């Protein structure tokens, strides 16, 4: 995942960050304090960006050309996932964070299928 290549990848990296994004949105609904809302927004932006980065790495470095042929929906799937993360950045609604997590789950399923193959 470092581009050496090192041969070590795990969608878990993107997932843990996307999980913080949703967790942050949930906490934002429980505290309307201005300063807390600013910090939560700041931090959610950073964790969603990392989640996007991790997905980007899987897309560009892990997945090889044959994988996109074997899973015709893979390009679209990863693109929708990073876009859902962009949508979560601009929202305090936990559903947006959950949507990104749902796409990550599908990508994770494909990732492991390709690992065992």
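Positions refer to the first chain, counted from 1.
**Q** Do the CA atoms of 104-112 or those of 11-19 have the higher mean B-factor in the entry?
**A** Mean B over CA atoms: larger for 104-112.
**Q** Would you tell me which stretch averages the higher CA B-factor in the PDB entry, 72-80 or 49-57?
**A** The entry gives the higher C-alpha B-factor average to 72-80.
**Q** Rank-wise, by C-alpha B-factor, drop residue 27 into the lowest, middle or highest third of its chain.
**A** It belongs to the highest third of the chain when residues are ordered by C-alpha B-factor.
**Q** When the deposited Cα B-factors of this chain's modelled residues are ordered and cut into thirds, is residue 41 in the lowest, the middle or the highest one?
**A** CA B-factor rank for residue 41: lowest third.
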